[PDB]
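Numbering of the sequence shown is given in the deposited numbering, commencing with residue 5 and proceeding in unit increments.
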Amino acid sequence: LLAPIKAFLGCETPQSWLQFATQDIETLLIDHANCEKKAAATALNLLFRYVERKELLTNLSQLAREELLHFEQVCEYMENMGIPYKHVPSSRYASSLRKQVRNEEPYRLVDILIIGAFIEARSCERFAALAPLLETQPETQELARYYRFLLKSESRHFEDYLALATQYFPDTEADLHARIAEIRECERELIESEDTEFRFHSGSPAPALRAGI
Ligand SMILES: [Br-]
Ligand SMILES: [Br-]
Ligand SMILES: [Br-]
Ligand SMILES: [Br-]
Ligand SMILES: [Br-]
Ligand SMILES: [Br-]
Ligand SMILES: [Fe+3]
Ligand SMILES: [Fe+3]
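Put into structure tokens, the structure is as follows:
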């Protein structure tokens, strides 16, 4: 299941991220909640703009409902875990990737769908990496269960985004691969490079941030 996710991504989640993540479950979960909202937002914006693309309408409308359901599920975990819904401003991740999107159609559309694929792939890999680590303490065992449950969901979302990108790309398969490889390098750098904040999709925690715990 994770084999094609790992092939598609340009790196694994660094061990530095995973070590920090277990020391700030609160930020992890609130940012997770926000990411689920953002994935619904992305899909819905696409439903507004590309009404001629009929497989995108069917698939992404379903996806946006599932993401909203994920949102409600995380909100319930927060309730149950005693976690208030604090203001956590968004990661650098999605906004940086969104800066790569080309203006010219249909490359705009294709880039957005390729980024979707990478975001969903990365989430899937990161949930997978976290789940066994969270399993090790009782107060995070329920979250681990939930993270393993999400894996199937995210894997499908990745596949769907990538399938859409493939069918609406106008040029050769080789041209698609080369563009995917460009976005892969951007995403890899966002994940592996140092990051002074901690979020679901934040990069390798900086010393500054390590000192704070
Ligand atoms: Br859009
Ligand atoms: Br629903
Ligand atoms: Br024990
Ligand atoms: Br291209
Ligand atoms: Br880097
Ligand atoms: Br932080
Ligand atoms: Fe989700
Ligand atoms: Fe998703």
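C-beta atoms are modelled at their ideal positions from N, C-alpha and C, and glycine is treated no differently.
Which same chain residues end up closer than 8 Å to residue i when comparing Cβ atoms and leaving out the 5 residues on each side of it in sequence?
| i | result |
| --- | --- |
| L213 | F24, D199, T200, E201, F202 |
| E186 | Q104 |
Within 7 Å: the Cβ of residue i and any heavy atom of ligand 5?
| i | result |
| --- | --- |
| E146 | no |
| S206 | no |
Skipping 5 residues on each side, what residues in its chain have a beta carbon closer than 6 Å to that of residue i?
| i | result |
| --- | --- |
| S20 | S208, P209 |
| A44 | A68, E71, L72 |
| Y97 | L194, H205 |
Between the Cα of residue i and those of the options, spot the shortest distance and give me the residue it belongs to.
| i | options | result |
| --- | --- | --- |
| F173 | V92, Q104, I116 | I116 |
| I34 | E71, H91, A68 | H91 |
| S157 | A178, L194, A132, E146 | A132 |
| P88 | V78, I184, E163, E108 | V78 |
Ligand 4 and residue i: does the residue's C-beta get closer than 7 Å to at least one heavy atom of that ligand?
| i | result |
| --- | --- |
| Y172 | no |
Check this for me: beta carbons of residue i and residue j, under 8 Å apart or not?
| i | j | result |
| --- | --- | --- |
| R160 | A135 | no |
| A37 | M85 | no |
| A125 | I217 | no |
Can you find the residues in the same chain that come closer than 7 Å, C-beta to C-beta, to residue i, ignoring five residues on each side of it along the sequence?
| i | result |
| --- | --- |
| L113 | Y54, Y172 |
| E70 | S157 |
Quick check: is any heavy atom of ligand 6 less than 7 Å from the C-beta of residue i?
| i | result |
| --- | --- |
| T31 | yes |
| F24 | no |
Quick one: is the Cβ of residue i within less than 7 Å of any heavy atom of ligand 2?
| i | result |
| --- | --- |
| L117 | no |
Indicate, with yes or no, if ligand 8 has a heavy atom lying under 7 Å from the CB of residue i.
| i | result |
| --- | --- |
| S157 | yes |
To test your reading of the DSSP string, which unbroken alpha helix (DSSP H) runs of 4 or more residues are found completely within the region 40-114?
58-85, 96-102
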